[PDB]
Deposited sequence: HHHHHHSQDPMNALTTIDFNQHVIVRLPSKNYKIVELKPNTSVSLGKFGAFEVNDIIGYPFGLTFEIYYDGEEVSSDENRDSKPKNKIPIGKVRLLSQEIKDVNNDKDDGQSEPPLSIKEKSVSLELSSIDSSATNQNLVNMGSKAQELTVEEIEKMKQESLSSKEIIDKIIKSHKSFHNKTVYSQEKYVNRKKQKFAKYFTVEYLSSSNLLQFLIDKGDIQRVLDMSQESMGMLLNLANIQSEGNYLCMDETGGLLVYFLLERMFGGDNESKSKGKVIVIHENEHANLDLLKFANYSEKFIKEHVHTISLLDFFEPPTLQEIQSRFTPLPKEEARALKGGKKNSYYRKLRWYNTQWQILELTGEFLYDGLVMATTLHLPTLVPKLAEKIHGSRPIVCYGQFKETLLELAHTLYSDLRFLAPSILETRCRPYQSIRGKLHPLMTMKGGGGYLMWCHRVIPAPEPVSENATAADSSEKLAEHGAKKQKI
């Protein structure tokens, strides 16, 4: 803002203070924060100055060479946008596959379309991964644009007092963006919300001219009050445009309760690492007329060694990738 020149686009361009992906020659990923006037170490592959890569587009490979080395366009490294795909891959490389419930890129990609995820939708979500699912949703809805004019929201229902959304610290989202597009509510506040009466007995607002400590003790209470009021708005007769879930809670006695707040004709997608889990859910939903034709889906990707003359699928790879339970909320006659 203090520059006369137009800002750099961090969606297209390597920019200061962005969290960014770096692919090493060994093909594993690192996440790197681009603090001005600092250096970054890649162990055996050398170190480089952050300033020397700013302003380039993503997808380029830089060589580190020595007369902390210098960088030129091509040991070496490749700099990529921190996409939902790349974040998942980083977590897998890091060894956290069980923390992401064994999910794959194709399974999450399918979940996004089965769930009909759109910029203007309000989606009900459970995410036990630390926010990876939330991030897949947000990146598809807004593309990482903190200035999006779209009004869509992800409402995260969670098991503990607070939601675990720690992965969003890598997302390059402003606090404003997050507050506008992500709402969190515990399972207890969602299924047994406080009444307006119960809320008011703790605080009712004043009819602005406050100052000092009085202004600050008041707005903290008013903050609590607005939180409570948000819960009222989200738990009333409010109806959501879809339900997406990656939780290890017991689905057969959880999903029917969540689906009462979903509008008719909206998709429901439950991700699960184990098909037997979804099988039990599908049978439970078969006998509930509020659910249309629950289906268990599986998608698996097999890459090829893609060099001309020696074309063949990869000979080994990791198993897993999980399964999707897809169905639609409907209204019985």
| request: Spell out the unmodelled ranges of the deposited sequence for me, N- to C-terminal, numbering from the first residue. | output: 1-3, 71-89, 97-198, 332-335, 462-488
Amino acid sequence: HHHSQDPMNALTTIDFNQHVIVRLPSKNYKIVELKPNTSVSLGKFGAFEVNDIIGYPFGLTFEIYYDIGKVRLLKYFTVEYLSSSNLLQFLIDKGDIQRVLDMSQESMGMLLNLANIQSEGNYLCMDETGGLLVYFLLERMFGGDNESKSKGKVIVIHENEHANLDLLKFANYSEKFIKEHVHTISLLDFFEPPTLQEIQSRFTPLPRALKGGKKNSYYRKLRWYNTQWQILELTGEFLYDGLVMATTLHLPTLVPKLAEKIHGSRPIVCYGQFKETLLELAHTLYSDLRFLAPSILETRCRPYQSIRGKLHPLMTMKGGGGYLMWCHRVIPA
From here on, numbers count along this sequence of modelled residues.
| query | Where do the C-alpha atoms have the higher mean temperature factor in this entry, in 104-112 or in 143-151? | reply | 143-151
| Stretch exceeding the other in mean C-alpha B-factor - 220-228, 94-102 | 220-228
| request: Among the candidates 135, 123, 238, 81, give the one with the maximum CA B-factor reported in the record. | output: 238
| said: Given 274, 65, 271, 58, identify the residue with the highest C-alpha B factor in the PDB entry. | reply: 65
| residue 295 - which third its CA temperature factor falls in, relative to the rest of the chain | middle
| message | Per the entry's values, where does residue 301 land by CA temperature factor relative to the rest of its chain, in the lowest, middle or highest third? | response | lowest
| For residue 212, the third of its chain into which the C-alpha B factor falls | highest
| field | Third of chain Cα B-factors occupied by residue 22 | value | lowest
| field | Ranked C-alpha temperature factor of residue 234 among modelled chain residues, by third | value | highest
